[PDB]
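Written below as structure tokens is the structure these notes are about.
Neighbour counts are summed over all protein chains in view; Cβ atoms, including those assigned to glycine, are modelled from backbone coordinates with ideal geometry. Bear in mind these aren't lab numbers, they're just calculated from the coordinates by the rules spelled out.
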Amino acid sequence: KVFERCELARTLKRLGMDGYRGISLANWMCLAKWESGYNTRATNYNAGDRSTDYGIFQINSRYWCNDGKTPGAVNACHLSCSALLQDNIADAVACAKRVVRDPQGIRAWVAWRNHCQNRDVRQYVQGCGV
């Protein structure tokens with residue numbers, strides 16, 4: 001499903017993402033925005049290394065979720081990658097909290113570096129009453 005902006009901001013707030021590991025809601029919103037355009041059904045296969053990115057946060061099948069076809073998969077979130085193509089994002093959020101418990105934090109997503117660090121990202125949560 002494709003979330004509307006404030007609908008997603010309230011959903012992430014509810015699921016405990018605001019300030020999680022020091023990361024503001026606006027940073028999480030910038031990341032879903034540039035990763036998937038807030039679409040839970042988004043998948044991107046990366047032909048150079050045989051892995052696929054899944055869901056609203058584009059979480060990768062080498063490290064975090066298991067899809068059975070990615071060489072060297074660790075599956076650190078201990079989740080099937082199909083759990084991240086659901087309309088309900090509770091699993092996607094639990095795995096995104098796991099990604100950022102690693103020292104790199106949100107920098108793990110290069111799209112966040114390109115599109116969100118050192119930018120004013122407050123626009124992504126304005127008007128949402130969050």
Task: Relative contact order, percent, the chain [alpha-carbon distance under 8 Å, six or more residues apart] - done: 28
Task: the chain shape via C-alpha gyration tensor axes, a/c threshold 1.5 - done: prolate
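Can you put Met29, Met17 in order, fewest other beta carbons within 10 Å first?
So the ranking, lowest neighbour count to highest, is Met17, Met29.
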Task: Net length gained if the chain between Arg107 and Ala94 were fully extended (0.36 nm per residue, minus Cα distance) - done: 2.9 nm
Task: Between helix 25-36 and the chain: long-axis angle, C-alpha atoms, 0 to 90°, nearest 10 - done: 50
- [ ] Could you tell me how many degrees, from 0 to 90 and to the nearest 10, lie between the Cα long axis of helix 5-14 and the main elongation axis, the longest principal axis, of the Cα atoms of the chain?
- [x] 80
